[PDB]
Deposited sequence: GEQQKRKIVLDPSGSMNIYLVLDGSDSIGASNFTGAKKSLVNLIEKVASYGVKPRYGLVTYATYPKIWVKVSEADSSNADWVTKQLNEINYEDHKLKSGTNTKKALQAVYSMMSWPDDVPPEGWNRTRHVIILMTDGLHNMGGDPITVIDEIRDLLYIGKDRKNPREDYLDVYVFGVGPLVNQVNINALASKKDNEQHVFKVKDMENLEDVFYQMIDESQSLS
């Protein structure tokens, strides 16, 4: 069981060209995943001053790669309001909300689901504060890094793809998972 959360920064800093490139990379990612005969539930979020959720993992067709690829392609760089701000913390809270439990208790089989966040940004957040705190809140909800004998690090992966020529590499690096002999930081020019 796997959930893949696609989060695409749609703020002005990104630029139409690079945003179009990012979308194309997410389309190829979805096809590369499906080429393995696996069916994750997808979440799709774009953001600037505020986030917009296009697809929730709980939706019926969230595991239909064709349908997901279709909702993605229909997103336009202009389709976002206040692009003059970048609140990455709010975008990750959108992912957190998507992980929320329906009945106050962990859902059946919750400990078996792998969560993979794919964040495309230049790391230039400028509103909302440090987004790392939300990653910590997600790890708490998923009971990752809590039990010293069952850390469950395999159940969360945060990949970050740097977009554009102007990126804050320190911030991008701070958000990506850091796992021995594994790489989680990439550029659009470069899975799940």
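Stretches of the deposited sequence absent from the structure, as judged by C-alpha coordinates, are 1-14, 205-221.
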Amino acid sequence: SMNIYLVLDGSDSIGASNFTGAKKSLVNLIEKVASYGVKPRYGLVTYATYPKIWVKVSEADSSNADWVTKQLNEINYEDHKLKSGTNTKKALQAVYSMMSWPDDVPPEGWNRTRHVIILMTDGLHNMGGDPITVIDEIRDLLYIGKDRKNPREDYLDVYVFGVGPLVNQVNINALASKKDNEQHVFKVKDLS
From here on, numbers count along this sequence of modelled residues.
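A summary of the deposited B-factors shows that, of 81-89 and 116-124, the stretch with the larger mean C-alpha value is 81-89. The stretch 67-75 shows the higher mean C-alpha B-factor when 67-75 is compared against 107-115 in the entry.
Listed residues 138, 158, 53, 34 were ranked by CA B-factor as deposited; 34 comes out on top. Residue-level inspection of the entry shows that, of 169, 177, 11, 181, 181 has the top Cα B-factor. The PDB entry assigns residue 188 a C-alpha temperature factor belonging to the highest third of its chain's modelled residues. In the PDB entry, residue 148 places in the highest third of its chain by CA B-factor. Residue 134: CA B factor in the lowest third of modelled residues in this chain (values from the PDB entry).
Remark: residue 38 belongs to the highest third of its chain, ranked by C-alpha B-factor as recorded.
When the CA B factors of the chain's modelled residues are split into thirds, the value for residue 142 lands in the lowest one.
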